[PDB]
Structure formats: structure tokens, C-alpha cells
Amino acid sequence: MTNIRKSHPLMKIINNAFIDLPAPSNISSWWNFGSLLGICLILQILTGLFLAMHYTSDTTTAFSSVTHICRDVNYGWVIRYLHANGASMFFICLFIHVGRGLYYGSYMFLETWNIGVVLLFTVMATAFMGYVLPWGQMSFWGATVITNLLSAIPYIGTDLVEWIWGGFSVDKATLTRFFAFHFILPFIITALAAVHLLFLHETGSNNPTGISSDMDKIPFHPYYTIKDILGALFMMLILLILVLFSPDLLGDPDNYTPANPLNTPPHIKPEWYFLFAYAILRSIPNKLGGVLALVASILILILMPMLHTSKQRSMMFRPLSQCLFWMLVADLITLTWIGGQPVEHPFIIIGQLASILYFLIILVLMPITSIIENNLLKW
Amino acid sequence: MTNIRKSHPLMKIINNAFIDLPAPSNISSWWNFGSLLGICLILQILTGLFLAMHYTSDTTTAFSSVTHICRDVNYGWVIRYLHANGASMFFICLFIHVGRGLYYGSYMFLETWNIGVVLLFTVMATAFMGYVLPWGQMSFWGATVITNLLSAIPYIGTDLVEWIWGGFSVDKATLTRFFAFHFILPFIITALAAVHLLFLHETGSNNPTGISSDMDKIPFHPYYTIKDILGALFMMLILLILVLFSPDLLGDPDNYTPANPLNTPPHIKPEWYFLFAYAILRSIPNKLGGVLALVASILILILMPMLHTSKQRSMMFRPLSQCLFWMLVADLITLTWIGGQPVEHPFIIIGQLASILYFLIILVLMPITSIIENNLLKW
Amino acid sequence: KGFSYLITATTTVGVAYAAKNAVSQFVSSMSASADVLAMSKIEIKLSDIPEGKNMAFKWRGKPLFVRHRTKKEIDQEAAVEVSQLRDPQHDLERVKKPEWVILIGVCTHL
Amino acid sequence: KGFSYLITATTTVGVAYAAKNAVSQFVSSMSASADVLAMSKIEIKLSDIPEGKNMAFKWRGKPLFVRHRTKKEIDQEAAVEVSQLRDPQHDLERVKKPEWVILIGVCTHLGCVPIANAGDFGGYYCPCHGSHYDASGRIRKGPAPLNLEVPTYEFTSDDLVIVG
Amino acid sequence: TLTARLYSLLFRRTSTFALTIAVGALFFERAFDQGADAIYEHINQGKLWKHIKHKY
Amino acid sequence: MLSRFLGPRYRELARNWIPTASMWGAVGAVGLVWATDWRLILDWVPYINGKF
Amino acid sequence: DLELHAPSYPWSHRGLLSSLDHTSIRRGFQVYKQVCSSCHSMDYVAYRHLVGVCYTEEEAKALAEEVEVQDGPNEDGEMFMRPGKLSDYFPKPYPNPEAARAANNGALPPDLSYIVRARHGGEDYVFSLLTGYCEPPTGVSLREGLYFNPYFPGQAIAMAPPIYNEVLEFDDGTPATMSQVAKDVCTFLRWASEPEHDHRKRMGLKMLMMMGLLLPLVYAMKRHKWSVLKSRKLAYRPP
Ligand code: HEC
Ligand code: HEM
Ligand code: HEM
Ligand code: HEM
Ligand code: HEM
Ligand code: FES
């Protein structure tokens, strides 16, 4: 006789996954944002489905269908605002997860880090498309600007724009195909997340101290299952304040206006989770330079494992590097705020300075600080 | 230091599943359909996405969208008819796969067999919703009839039917939810097919003889991979003939009339691949009895490993039982034809006998016969 | 043990309340939307119409002929043989109010 | 070995042609539909718009403005200075009939709606940032990258202009 | 043998194999499309729009 | 990616694999122009050009 | 009851790789425009599809501007009537379905954008139908307004005889015989239902050729790489 938990194929996989996985005991709260991500994804997988069954992806009924969901559908407003604010919270958790990876040197797990970068790319594309779906004025105009950015690529950049558009402008085909891609992609996100976990398991999680904790691993089922239950419920607390009390707190009110390709809205911005990249976009006067900076702002995470020169993999014992990291976080928040504001004095120069400072920190300050750091500690 | 094929954590499963997988040496062509299913599913995913590229799941524009696909979009007709005939061909291979499983005694593999039954259920549901989507006369009326069949359930019948409808009759809500369900379900089928393969790989495979081939296994890569490719090419041949020389050969022309909820078509026959159950549904005079017989017709596959009693795993060496199995196949064909025909004098009684004999073969005749040759062969 | 398991029980009872509510919102979102149960729902006809008048209506998606079947038509309908009728439905069994008979305006047979 | 690998090569080239000519099917399907092309052809612009007034459409999917500038407004754009700005491009150069000036509608350099009609520096006033396009569209008050590019056309006649 | 020279020349290297396959497809697409269009117009002569264009 | 990879054996290995890598790049270029049906190359070609 | 099925006529496009006679399509459009368009509609087909199939660009433009099609609200607040162009679908004859039912005896002329792909039998049906009109048999008394057509289900079609000898003058000069008119209109309706009918067949031709080439070689590959197992010649040598 054998225990079914560790003998049945599916039960064996689940057991190694999140039952008897040896995890470090000193895992702080910041690792909870791992599971929360999937949880939001699951919720994001769920609520969107219940949105997808009352959405007619046509430019003559999309807005009417959304109003129908919010108004004349049994508890439909709850689903819709759960979707939107869940997207906001998903990106909050994603940013915190990336920050945790940067801080405690989790990018030393190469394959997991690369897979995470891919997940970031595809989830941001998914969210952009989903925000295009409701077909508000902000939705349509942001879609026009963002797709038109692709014209900067030489030679074949022009041709991609109509291909993605499906015509000569963001119109019927663009909305329908954006609905289709926004439906399919999150399942690709799920697959890549499964591969992410697969890659993580072969080395185990990284404790805050950074040093290997193979002499202190504890089982996952009794301890961390309840910890992630607490984390998910605590996240649901904030999410329910968002949805239930002030639902449209994260979102431009102009979106609640039928999209009209004859009147640009006075204020144009992407969502709060995209304004940071929009800041670098509007920083570089050159269009092609702007698009390259857009790609690089995210792709620079791939260079991080190479730039690590400190003999410590954990940032607990790196004061100067800690100040640099918090300066970087302030830089990102400054980029977001600048993206919010229109491009005028003095926002333009502040945006240029913030972009330069962000790139300079990620590429130069952190490695030089690590080198002088090692020199300061006999290694 | 080590082969990347057997070193990379992601490459481990792929190598152990398709490259160095020990497969029986004497596997016939009847097993190639296992690949033919999966590959076909991808086309249904690949084509079905592009149909979702240009499709407004709305009562007033769904049919217009389909016509615009088949008439205006570049090579849209190719994608549409490839998708429809691919679904029909998918069911062809599904039936052949179930027949192979019944013949060569593969239902001894239990977990894979039950998972396959679940796969069958999900695929039929997916095809039902898909046929609902075009919103033709046959689409709407067949959907109405099949969902009204659920009213036979006691007590919760009407409320369940109205729940599935999303309203009072098949309308906006029904189509809109059916599209999203049809989007999600094939990914469930894909994950469940991965589970199917995972369960199968632990028990190897059943060769036509039925005896264990653990001592004649061969590497998978230079072998069947090429044979599977050849089978896929033959499948592409059949599918392309169907699409390019008679797209609507397997399909009622009445669907091309826009769905009018005021005119009952002369015939309400469902797709070709469902009549075998539909005929059974027509046979039982009682409505609840009809629904139970309809569901039990598919569910009877689960009982098969229990009913087997012949001490030989395979059907290769059981002549009388082979005659019984071919009688079963003839019964299935007869049921399909009867479901095609209306409910009149010559067809009612034929349907009654066909249903009775189809159940009798599986429940009584096959095991009783399996006793007979065991007594005949001195054991 | 009782104290710790009482904490457990309170946690799970609160979770049960929340879970039923969360899933019931979804299941009710499945249910008929407000608009569909405002027009396709019961539509309430009128009875001020005179005798032998088929008050032309359009509801449930089809036309509605509520006709005030007069006494002569009532007795003729009752006297009509059900056996010869293609439909095996008697006049009195088909109608609850003989002098007000309500039918859907669409014919069968297109 | 040559015989076997020649069989392999022929199979490979057949598969290559099939793969190209199927992925091209899919890509062209995702490309612009025929109806979009038949809408992006020559568009019907009629008399309608009277002199000295700017009116808009959505030809090609973009907010084209056709401004019927008065023959007096042609002289008023003659007085519009050229060299010292970024795009001198006299209004005669842009359109054969300055009585009927036409230009695609998007403000380059991310601008709020420049006030239409005659403007106040000659045809517009772009509020977000400088420029304030001229009645011919040129950057009137500012160095803003470039003016609203003029669509090509094969106008049938006066009061009949077709744009494309 | 011609096959032997063929193999020794441009089939031993798998990369030269790929180059041969690609340059062969370059001309195979052209030849096959021309031949199949030729067969199709020969089968349907006087019916396709191309054959009857010159009238109008 | 440092002085480790710089050495006489590594230079010789580079030279050894330059023909293969270079004509692999040629394979890629030919495949790209074929798949994209790049006119700006295909016009200069013989018989192929008659497609256009 | 009974349902007299339509005999299989030997259409030119019936062949496996035979496309429609496009000159017959040109002739069959004129009959639709001058006869069938009076009560029926082809809402799913626009003048744009006509070019390159049976008309050239200038003829398509002239034909489109022959009719008048409604455009959106003008700058005054109301509908303004304009001549048609390439991107206008075939004009509807009746403002709404109710007007169509009332104008006729009470029936509805179905749109022909799919009537060949919706009727069981296809062209052989429609042609025979248009040529199946005859005196009702003895013992059958159709109501005033109803016309007898055996092919029509119920034999009680509400259709006035649409095609009679010398109904319209074909531009090329072919005789206006009812059979010719019906044949050309049926080919045109088949094209309307299946615009890809040409290209599909062309594509099929290629699929026939290359899969007649890939299939052996791939098979030739399989037997190549599977011959090791097929010539094993095992042996047993126990002590
Ligand atoms: C001229 C070339 C044609 C063709 C090919 C068709 N019609 Fe007509 N039609 C009319 C009316 C009132 C009806 C309704 C009758 C009914 O459906 O009960 C019809 C019907 C048809 C059908 C449907 C037959 C079927 O199988 O359901 C078809 C295929 C059809 N038509 C083709 C009215 C008219 C006219 C009134 C003045 C004229 C002229 C035509 N039709 C001409 C044609
Ligand atoms: C990866 C997780 C997902 C994210 C981050 C995401 C994000 C978004 C966002 C930001 C919107 C715009 C909401 C608004 O403006 O009101 C949106 C809309 C939408 N999403 Fe998603 N989505 C996700 C998953 C899904 C899935 C899986 C589906 C399909 C089942 C889906 C279907 C929709 C639909 C139909 C809309 C339009 C309804 C609406 O905008 O209110 N989403 N999504
Ligand atoms: C799709 C969203 C994502 C999901 C669902 C996901 C899932 C997870 C989970 C559950 C963990 C374990 C818990 C933890 O350590 O935090 C984890 C770890 C990790 N993820 Fe992600 N992740 C996502 C995005 C990312 C991104 C964007 C990155 C960065 C590029 C990333 C890099 C990592 C790293 C480095 C670890 C290891 C952390 C450690 O060892 O301490 N992930 N991921
Ligand atoms: C499990 C595999 C699938 C099967 C068996 C299947 C089956 C079908 C069938 C039979 C139809 C009716 C086609 C017609 O009557 O013309 C259909 C329609 C449709 N399917 Fe699928 N389908 C599958 C996968 C998918 C997927 C994954 C998608 C979405 C990505 C999809 C999207 C559609 C759409 C949009 C339609 C309506 C357009 C049409 O009628 O063809 N299908 N499907
Ligand atoms: C979604 C559709 C399905 C897919 C993609 C699938 C996939 C596969 C594949 C690839 C194999 C290995 C090749 C083979 O042995 O034929 C296999 C084997 C098998 N499948 Fe399925 N299957 C499907 C549906 C089913 C169904 C409906 C059943 C029956 C209930 C079933 C039961 C089995 C059994 C018993 C085997 C073992 C056959 C043997 O090795 O002798 N599967 N499946
Ligand atoms: S704001 Fe319109 S040009 Fe700068």
C-alpha cells in the first residue's frame, strides 16, 4: 500500500508543487505576492469570462453592451468593476513582485527571471487590449496613439500598423480582433506561469538573507498555505474597498463617453500602470528613440542578472545599494506622476531627468555601488 | 556535461513524451488517430481564433459577421470552411479513436479511459455551442430543441433551462454566453488532453496483439513521429478535399437562412455527429427516459472496463466477439441514419430496435460472448 | 482544543457566508437580465375590446391575436369534431375563456 | 545517400511551399478587409461647403478637413509669411485650388483641438502647444515638426473634388 | 553518378541542405504556380474573366 | 563573456565555424526574402521576377 | 405530400475543376437587376464584388450610379438622396419586411445572397422551379393568388411567373428564351452564394497536385526510416 498523495500522478505533481515543497522558513510577506498574482489571474480568468458572455465586440454595441452589463444585468456592475480594479491590483502585485525579485537577488534564478520578463510583456499587452475593449473615448484614442507609435520602425514599421489595425485606422476589425486576442492571451499567461513555477522548483525559493537555506527548509502545506490564504484575503480586502466604495477611482472619467473619431479628449493618458513608460516615451523627442526606450524600459530587467557584481546576492546587507534601490522606486513613481501631467514646463525637463536617472541607476549606479561595496568588505 | 535533451527541466518532459518515449514496435495505423485528434484540435484552435477575429456575437449581426467572413475578408472562406470541416473530421477521428480503444482492449488503462470519456463530453458540448454560433435557422432551432430537452429533469427542469438560455428563449443572452463558453472550453480540452497523455505514459501503450510490449519498445523519434506526420498528411488530404471540393457536403443548407424565431424548418436534424444520440433520444417515448438514455449512451463507455471478462486483453484473437463489435459499428451507423430521418412509421420501430440492440451488445451480448470463448479455449 | 477549533469554526463559517454570496452573484449573473424580464416577461393584455375583435399585439417576439370569440363562434368551435381535426386538441381543452381566446399570431407551416 | 536525401529534400521543399502559402493565407486574412479598401478609395466630396468655412469628414478613417477658403482668403494666405517658419509651402503649392484646401486631420505633436475655421493666426490655433496651423495647414506660430500632410487627389472638377 | 556528385556537393552539409531547400522552393513556387494556373485556365477556357476581358 | 572567451583556440574555432554560420545567415536571408515575397530583391532576380 | 426533387442538370460549373461561365454571370446579373430585383433583394452583395467577375470598373461605376441609394444625415438634419457608387450594396426593393409582405399577396421574397446555398438541391432546384410552372392537376384548386409549382414545397408558391419567353433583351444579343434566362440567372445566383467558386476550385487543383507529390515521398520517407524495423530478422539462441 502506498500513500495516494505521493503516488498518484496528478497528486504527486500537486504534492511536489504546493504541499510538501521544501520552502525557507524566513520567507517574508513580500513573497506572498507570488501566489496573489495567480489568484488575481484566476479571478481575472473568471470575471472576464462572465464579462465575455455579455459583451458584443462591435463598435456600435460595445459601449451599449458595457452599459447593459453595468445596469441591466443581475449583479453585473460588481463583475465589471471587479475586472477593472482587479487589473489595477494585478499590476500592483506584479510591480511589487518585480521589486522583490530585484531586491533579494532572485534574478540569480535565470530561467525563472526570463520567464517572468516574458510574463510581464504578455500581461501588459493583454491589459492594453482589454482597456481597448470597452470602446470609450480614452480607449479609442489611446489605442490610436499607441498603435501609431509602431510607425517609427524603419521600412516595415508602416506596414505593421494597418496589419494590427485591420484597416486604415482603429475601427471595427481592431476592436473585434482585440477582443479575440484579449480572450486568448491570459491562457498563454497561465501556461507561462506554470512553466515559471516549474523552473522555480528546481532551485527553490530565495530567502531574504540570500544565502542557501537548504538546512532550514519547512513543508509548504501547514505553514505557507495558511500564510498565502491570509495574503489573498488581505488583498481581497483592498480590492473590495476599490470596487465597492470608489470603483472609478483608478481610471479616467472620459472613458465613460462613447468613442468618437472626431474629438480628441482634452486629457490623454494610458492607464495608471502604463504612465511610467509613457513618461520615457514623451521624454525622447525622436519617435524611434521613444519606441526603443519603451521596449528597453522593460527589457532592461534581462540585463539585471549580468550586471550583478556584489558578492552578496541579497540586498539585506547592502545599505548604499538599498538607498539606490529606493531612489529607483521613487524614480518610477516620479515617472508615473510625470506621465499623468501634460507635457509642459517644468514637467518636460523633470521627465527627461527622471528617465536618464532611471536608466543610469539600473545600468551604472548599481554595479559601481556593488563594486565599491565589495572593495569595502575585503572581497 | 549532459545532453540538453535530458538536462533542461522543460526539455525533460518533451523528450520523455515524444523523443525517447518507449512505444510498442507493432503499433498499427489505428493508433495514429491519437495524434490526428490533437493536431486537429490545434487547427480548431488556430482557425477558431481567426473566426473570433471577425465576429460579433450579436443576434442582429452574427450571421452578417459570418457572411462578411466568408465573402469579404481575405481568404475568410478558407478559414471558415476549414474550421467547420475540421470539427466534423475531428469527430470522425474521435469515433475511430473510441473504436480502437474498444477493440484492442485499451479500456484496461482506466484513468486514461475515464479522462477520454470526459474529453468526449467536453468536445460534444463545444461542437454544440459552435453550431449555435452562426445563428442560422437550423442553429437556432436545434439549440432550442436540445436545450428544451433539459426540461425533462424533474423539479429543477424549467429553472435550469431558463438558466442555460440566459432568459426566456434562445436570444441575445444565449448566443453571447455560448460564444464565450465555446472560447474557454477548448483550452479545458487541451489541459485535459495533457492529463490524458500523462496518465497514458505511465502504462506505455496497448499494441494490437494486446500482450505487453515492454520488451519490444522502440524510440519514438525516428519512428512514429514520421508515421504520425504521414497520418497528419492523410488527414490534411481528407480535410482539404472536403473544404476545397464540397465545403457544405456535411452540413444542412437550411442553416444559410437567417435564424427566424417564427418559422420552424421542415427538419430539425442536428449535425451529423450527434444524431447517433439524438436518434436514441427520439426512441424513448418518455422525455426524462429519453434524456437519461441519451446521456447513458455516452456514459456506457465508463462501464466498459468493468464488463470485460475475456481473459485476453485484445480483440485480435476473439472472432465471435469481433462479429459482435462490427455489429455494434453497424448499429451506430444505423442510429445516425435514423436520426437523420424523420419520425415516421418505418423509422420509429427501426430506431427502437437500433437503440435496444446497441445497448444490448455493450451490456449483455459482449460479456456473455466473452464467457463463451473462455469456456471454448479451456479456461 | 475547543478554543482553537472555535477560532477555526468562526473563520470557516464566515468564509462559507462570503463564498455563497460570491458564487450566487455569478449564478444570478447567469440568470435572466433585467431587460429580458421586462419585455419578454409577462406583458399584461387588455379586455376592454369588443366582441369578435382580434386585438393586434406584438409580444414575446411574435404577434398576439387575442380575439373575443362570440357565442356563435364558441358553439361552432365546440361542435367541431376533434377527431377530423389535424390537431388532437378540443376547443374547450385549448381555451380557458371560451369568449376570450388568445393565440400567437404566427401560423405554423411558415 | 544522395537518393535518400533527395527524397527528403523534395519533401522539404513541398512542405515549405505549403507552409508559406498557408501562413500567408492567415496573415492576409488578418490584414485589411476588402470592404475597408473599398471605403479607402476615392471619396465623394461635393459642393456643400460654402466659402471661408472649414468642415470635416472621416475619409480613410481619419478626420479630414476640407476648408473652402474664399478667393479673398486666397489673397489673405498670399500675405501669409513663409520663409521664417518651418514649412513655408505656399498654399498655392499644396492645393491646386486654394479655394478648396484639404488636409488629413491629426495634429502631429500631440495637440488639443486647434480651433477650426479661420483661426486667429490664419486658419487655426492649436491650444496644447504652439504651431497653430495656418489656413493651408502649415505651422504658423511654432516650429512643430510638420504640418498636417495633404492627401493626394485626382479632383474631377470644381465643386466636384474627389480626394482618395 | 549524378546523384553521387549531387550529394558530395550540396547535401553533406545540413546548412547547405537548407540553402538548397530554400533556393529550390524559390523556383518551385514559381514553376508550380505557373503550371497549375496553366492547367486551370486550359480546363476552363473561355469562361474565366481573364479570357473574356478583351470584349469590354 | 570576458577574457575567458578571448584566446587563440577561440579565434581558431571562430574561423572554423565562420563559413557555416555565414551561409546559415545566407539561408536565413533567402528564407526571409522568400517568405516575405520581398520585391526589392525579387525584381532583380531571373525567372522568379516574372511572378509580378 | 411528396417532394419532387430537382433532377441533376449538367451545369458547366458542375465539374470537379470547372468554374462558372463568367459571361453567363454577366447575362445572369441583368435578369436579376431587371426582373428579380423588382421584388427580391441581394442585400449581402455590393457592386464592388461585381467588378472583375462579370464587369469592369467603369461599367460597375455606371451601373452603380444608375440606381439611387440612401446616405446618412446631411448637414441639415435629414436624409439626402445620392446616386450609388462602388461601395453600395444591392438596393433593397422594399423599406422593411412588413412592407415586403404587404406589397405581395402576403409572402416574403427571400434574399438571393444564399438561396442556392439554402435550398436543398441548389441550382437544379431554382432553375427547375422557374421552369416548373404548369396548370394545376385536376382535383387541386389553389386559392386566388396562389400559383402551382411542383418543385416548391407544398406546390402553392405565391410567385407570379417571373420568366416568360422574351422577357428582356440581352446586351450581347443571345436569345431571350426562358430556358436561357433561367440558366444564366441560376449561374449568377450560384456565384452570389459562392463567390470563391473559381478560386476554391483553383486552390483544390493545386492541392490535388502537390499532395499527389508529397504523399508518396513522405511515404517513401517513412518506409525509408522504418525499414530497419521491417528487416529485423530476429534469432533465438538459448543454451
Ligand atoms: C427572377 C430571375 C427570380 C428568381 C431567381 C426568383 N424570384 Fe421570386 N418570389 C416572389 C414572392 C412573392 C415569393 C414568395 C413565395 C414563397 O416563398 O412562398 C418569391 C419566392 C422565391 C423563392 C423561394 C422559393 C423557395 O424554395 O422557398 C426563390 C428561390 C425565388 N423567388 C427566386 C416574388 C417575385 C417577383 C414579384 C414581382 C419577381 C419578378 C420574382 N419573384 C422573380 C424571381
Ligand atoms: C490577464 C488577466 C486580465 C487582465 C489584466 C484584464 C484586463 C482588462 C482590463 C483592464 C479591461 C478594461 C476594463 C474596463 O475598461 O472597464 C478589460 C476588459 C475586458 N476583459 Fe479583460 N483582463 C484579463 C483577462 C480577461 C479574460 C481571460 C477575458 C475573457 C474571458 C477577459 C475579457 C474582458 C472583456 C470582455 C472586457 C471588456 C469588458 C469591460 O471592459 O468592462 N479579460 N480587461
Ligand atoms: C504572470 C505573473 C506572475 C506569476 C503568476 C508568477 C508566479 C510566481 C510565483 C507563485 C512565485 C513564487 C512566489 C514568490 O517567490 O514570489 C514566483 C517566483 C518568482 N517570480 Fe514570478 N510570477 C509572475 C511574474 C513574474 C515577473 C514579472 C517576474 C520578473 C521578471 C518574476 C520573477 C520571479 C522570480 C525571480 C521568482 C523567484 C522569487 C524568489 O526566489 O524569491 N515573476 N513567481
Ligand atoms: C474543440 C474544437 C472546436 C470545435 C469542435 C469547434 C466546432 C465548431 C463548429 C462545428 C462551428 C460551427 C461552424 C459553422 O457552422 O459554420 C464552430 C463555429 C465557431 N467556432 Fe468553433 N470549434 C472549436 C474550437 C474553437 C475555438 C478554440 C474557437 C475560438 C478561438 C472557436 C471559435 C468559433 C467561432 C467564432 C465560431 C463561429 C463562426 C463559425 O460559424 O464558423 N472554435 N465551431
Ligand atoms: C480530445 C481528444 C483526445 C485526444 C487528443 C487524445 C489523445 C490521445 C493520444 C495522443 C493517445 C496516444 C495515441 C493512441 O494510443 O491512440 C491516446 C490514447 C488513448 N486515448 Fe485518447 N485522446 C482523446 C480522446 C479520447 C477518448 C474519447 C477516449 C475514450 C474514452 C480516449 C481514450 C484513450 C485510450 C484508452 C488510449 C490508449 C490507447 C492505446 O494506447 O492503446 N481518448 N489519446
Ligand atoms: S500641440 Fe498641435 S502642434 Fe504641438
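With a Förster radius of 22 Å, plug the Cβ-Cβ distance of B:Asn260 and C:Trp100 into 1/(1 + (r/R0)^6) and report the FRET value to the nearest 0.05.
That gives a FRET efficiency of 0.15.
With viscosity set to 0.890 mPa s and temperature to 25 °C, compute the Stokes-Einstein D of the range G:140-184, Rh being the Kirkwood radius across alpha carbon pairs; µm²/s, no decimals.
Result for D is 200 µm²/s.
For a quick size check, give me the Cα extents of the range B:217-342 along its three principal axes, largest first, whole Å.
Result, largest extent first: 62, 41, 22 Å.
Quick one: go through the range A:191-233 and flag any residue whose amide nitrogen is under 14 Å from the point 7 Å out along the Cα-to-Cβ line of A:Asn3.
Counting only backbone N, you get A:219-222.
Please arrange B:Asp72, D:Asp35, B:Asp216, G:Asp171 by how many other C-beta atoms lie within 10 Å of their C-beta, fewest to most.
Sorted ascending by nearby Cβ count, the order is G:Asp171, B:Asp216, D:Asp35, B:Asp72.
Taking a 22 Å limit on the Cα-Cα distance, which of the listed pairs A:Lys12/B:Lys311; D:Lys71/G:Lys85; D:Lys1/G:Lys230 fall beyond it?
Pairs exceeding the cut-off: A:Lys12/B:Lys311; D:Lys71/G:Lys85.
Give the peptides C:15-25, B:353-363 in descending order of average Cβ contacts within 10 Å, highest first.
The packing order, highest mean first, is B:353-363, C:15-25.
At 7 Å along the Cα-to-beta-carbon direction for both G:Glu57 and A:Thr190, put a label point, then send me their distance in nm to one decimal.
5.0 nm
F:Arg4 to G:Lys233: FRET efficiency via 1/(1 + (r/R0)^6), r the Cβ-Cβ distance, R0 51 Å, to the nearest 0.05?
Taking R0 as 51 Å, the efficiency between F:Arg4 and G:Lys233 is 0.45.
May I ask you to compute the full-extension gain from C:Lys58 to C:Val27, defined as 0.36 nm times their residue separation minus their alpha-carbon distance, rounded to one decimal in nm?
8.1 nm
Simple spin-label model, 7 Å along Cα-to-Cβ: G:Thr138 to C:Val80 in nm?
Those two pseudo-labels are separated by 3.2 nm.
On alpha carbon coordinates alone, what is the Rg over Rh value for chain F, Rh being the Kirkwood radius?
Working: Rg = 17.7 Å, Rh = 13.7 Å.
Reported Rg/Rh (Cα atoms, Kirkwood Rh): 1.30.
Can you give me the relative contact order of chain A as a percent, contacts being Cα pairs under 8 Å and 6 or more apart?
The value is 23 percent.
If r is the Cβ-Cβ distance from G:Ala99 to A:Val343 and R0 is 51 Å, what FRET efficiency results, to the nearest 0.05?
The value I calculate is 0.35.
Holding the Cα-Cα limit at 27 Å, pick out from C:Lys72/C:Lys96; C:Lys41/C:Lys97; D:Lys62/E:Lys53; A:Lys227/C:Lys20 the pairs that are longer than that.
D:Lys62/E:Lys53
Any chance you could tell me what percent of the C-alpha pair distances in the range A:61-167 go past 23 Å?
Across the range A:61-167, Cα pairs with separations above 23 Å total 49 percent.
Counting partner chain Cβ atoms within 10 Å of every residue's Cβ in G:140-152, what's the average?
Other-chain Cβ atoms within 10 Å of each residue's Cβ, averaged: 0.
If you filter the range G:1-73 for GluC sites (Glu not before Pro), then keep DSSP loop positions with at most 14 other Cβ within 10 Å, what is left?
Working: sites: G:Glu3, G:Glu57, G:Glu58, G:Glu59, G:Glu65, G:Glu66, G:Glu68; in loops: G:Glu3.
Passing sites in the range G:1-73 are G:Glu3.
I need D:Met39, B:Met366 ordered by Cβ neighbour count within 10 Å, fewest first. Walk me through the intermediate numbers first.
Values: D:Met39 19, B:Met366 23.
Ranked by crowding around the Cβ, least crowded first: D:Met39, B:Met366.
From the C-alpha gyration tensor of the range A:133-195, pull out the three semi-axes of the equivalent ellipsoid (sqrt of 5λ each), sorted largest to smallest, in whole Å. Mind showing how you got there, number by number?
Numbers: eigenvalues 107, 55, 22 Å².
Each semi-axis is √(5λ); the values are 23, 17, 11 Å.
Pick out, in residue order, every one of the GluC sites (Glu not before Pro) in the range C:35-107 that is DSSP loop and has at most 14 other C-beta atoms within 10 Å; say none if there are none.
Qualifying residues, ordered by number: C:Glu43, C:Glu51, C:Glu81, C:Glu99.
What nm distance separates the two modelled labels at A:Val118 and A:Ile368, each placed 7 Å from Cα along Cα→Cβ?
Calculated label separation equals 3.6 nm.
Whole percent per 5 Å bin, from 0 to the bin with the longest distance: what is P(r) over all C-alpha pairs of the range A:299-379?
P(r) over the range A:299-379, rounded to whole percents: 3, 14, 23, 21, 15, 11, 7, 5, 2, 0.
Take each of the peptides B:222-235, G:98-111, average the number of other beta-carbon atoms within 10 Å over its residues, and list them starting from the highest. Before the final figure, lay out each step's value.
Working: B:222-235: 18.7, G:98-111: 14.4.
Taking the mean over residues of other Cβ atoms within 10 Å, the ranking is B:222-235, G:98-111.
Please give the Cα centre distance for the range D:126-164 versus the range C:30-64, rounded to the nearest Å.
57 Å
B:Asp20 label points, 7 Å along Cα→Cβ, one per copy: pairwise distances from this copy to the rest in nm, shortest first?
B:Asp20 label point versus its equivalents elsewhere: 2.6 nm.
How big is the convex hull of the Cα atoms of chain C, per residue, in Å³?
Once divided by residue count, the hull of chain C is 218 Å³.
Could you check how many percent of all C-alpha pairs in the range G:3-104 are farther apart than 23 Å?
Values: 2242 of 5151 pairs.
Result: 44 percent of Cα pairs exceed 23 Å.
Above 16 Å lies some portion of the pair distances; for the range B:204-259, what is it as a whole percent of all C-alpha pairs? All intermediate terms of the calculation are to be shown ahead of the outcome.
On the way: 1029 of 1540 pairs.
Tail of the P(r) past 16 Å holds 67 percent of the pairs.
Run through every distinct alpha carbon pair of the range E:17-56 and return the Kirkwood hydrodynamic radius in angstroms, one decimal place.
12.1 Å is the Kirkwood radius here.
Considering chain D, which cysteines have no disulfide-compatible partner, defined as another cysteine with its Cβ under 4.7 Å away?
Here D:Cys107, D:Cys126 come out as lacking a disulfide-compatible partner, given the Cβ-Cβ threshold of under 4.7 Å.
Could you compute how fast the range A:177-278 diffuses translationally, taking Rh as the Kirkwood radius over C-alpha pairs and applying Stokes-Einstein at 20 °C with viscosity 1.002 mPa s? Give it in µm² per second.
The estimated diffusion coefficient comes to 114 µm²/s.
With a cut-off of 13 Å, note down the residues of the range C:55-95 whose backbone N falls inside the zone around a label point 7 Å from the Cα of C:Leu46 toward its beta carbon.
C:55-58, C:66
Over the whole of B:361-369, what's the average partner chain Cβ count within 10 Å per residue? Rounded to a whole number, please.
Neighbouring Cβ atoms belonging to other protein chains average 0 per residue here.
What are the distances, in nm and sorted shortest first, from the label point of B:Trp326 to the label points of the same position in each other copy, with each label point placed 7 Å from Cα along the Cα-to-Cβ direction?
Distances to the matching label points in the other copies: 8.4 nm.
In whole Å and largest first, what semi-axes does the C-alpha gyration tensor of the protein assembly as shown yield when each eigenvalue is scaled by 5 and square-rooted?
Square roots of five times the eigenvalues give 52, 48, 38 Å.
log10 I(q)/I(0), Debye, Cα-only the range C:39-91, no solvent, q = 0.15, 0.19 Å⁻¹?
Computed log10 I(q)/I(0) values: -0.60, -0.83.
Over the residues of the range A:1-123, compute the C-alpha Rg and express it relative to 2.2 N^0.38 Å.
Cα-based Rg divided by the globular estimate yields 1.43.
Under the classification rounded if a/c is under 1.5, otherwise prolate if a/b is larger than b/c and oblate if not, where does chain A fall, given a ≥ b ≥ c as square roots of the Cα gyration tensor eigenvalues? Don't jump to the answer; show the numbers that get you there.
Numbers: a/c = 1.99, a/b = 1.24, b/c = 1.60.
Oblate is the answer for chain A, as a/c is 1.5 or above yet b/c matches or exceeds a/b.
On average, how many beta carbons from a partner chain sit within 10 Å of the beta carbon of a residue in E:10-18? Kindly include the intermediate steps, with their values, before the conclusion.
Details: counts 3, 7, 3, 4, 3, 9, 5, 5, 9.
Mean shielding by partner chains, rounded to a whole number: 5.
In terms of the ratio Rg/(2.2 N^0.38 Å) built on C-alpha atoms, what value belongs to the range B:104-235?
Ratio of Cα Rg to 2.2 N^0.38 Å: 1.46.
A quick note on method: Cβ atoms are made from the backbone with ideal geometry, for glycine too, and the neighbour counts reach across all protein chains shown. Since every read-out is calculated from the coordinates, none of them should be taken as a lab result.
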